[PDB]
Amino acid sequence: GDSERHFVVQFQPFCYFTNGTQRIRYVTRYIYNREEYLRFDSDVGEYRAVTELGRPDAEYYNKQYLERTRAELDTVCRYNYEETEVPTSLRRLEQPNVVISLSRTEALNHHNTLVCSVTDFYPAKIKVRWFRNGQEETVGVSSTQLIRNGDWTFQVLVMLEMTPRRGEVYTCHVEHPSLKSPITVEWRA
């Protein structure tokens, strides 16, 4: 505790849900600084110590808490999901905004890049594709990973390397849970 001697602890509870509540896994992690020393795992069903640092806690924890923790899987995990998640986060549907833009200059023959910006949507599941005259392009195509905005919305940018021509129609097709019908944006020279 002399001068720049920083100390912190972390408690990280986890309710892993698979297929609604058909399967739940409850994990409770006990971290000292950045080191996980103790851990409860519903799969294992017991407070096993992770590292040396957590040697002194196992026995005591399984004594005093084992029963109280196993229960949280129902009173905390299943409960919060069915009683609070269902009406809020699991019901959140924000529709994507979709726009196409060219990376360089508009002229009559350039190896440019079309960018399809898909933004402010929720939840994560989404599908974005490029078409050139009705045929899907997959070769000079790339999309960023899912970008989490931190405000409960995502965005993904999808690039298509191409060479514009006359009467050539490019389309960005987006399918998302919030859209009863897919969105299609068009771009021409």
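When you see a residue number, it is the position in the sequence shown, counting from 1.
Other entries modelling both neighbours but not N112, at least a third: Other entries vs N112: none skip it.
39-47 set against 131-139, stretch whose average Cα temperature factor tops the other in the entry: Stretch with the greater average CA B-factor: 39-47.
Greater mean Cα temperature factor according to the PDB record, 90-98 or 74-82: Comparing 74-82 with 90-98, the higher average CA B-factor belongs to 74-82.
Candidate set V27, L53, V156, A124 [ranked by C-alpha B-factor, highest]: Answer, based on the entry's C-alpha B-factors: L53.
CA B-factor placement of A58, once the chain's modelled residues are sorted into thirds: Its C-alpha B-factor, which the entry lists for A58, ranks in the highest third among residues of this chain.
Chain-wide C-alpha B factor ranking for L108, given as lowest, middle or highest third: Highest third, going by the recorded CA B-factors of the chain.
Third of the chain, ranked by Cα B-factor, where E161 sits: According to the entry, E161 has a C-alpha B-factor in the chain's middle third.
Third of the chain, ranked by Cα B-factor, where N149 sits: Bottom third by C-alpha B-factor.
Chain third (lowest, middle, highest) by recorded CA B-factor, residue given as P177: Within its chain, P177 is a lowest-third residue by C-alpha B-factor, going by the deposited values.
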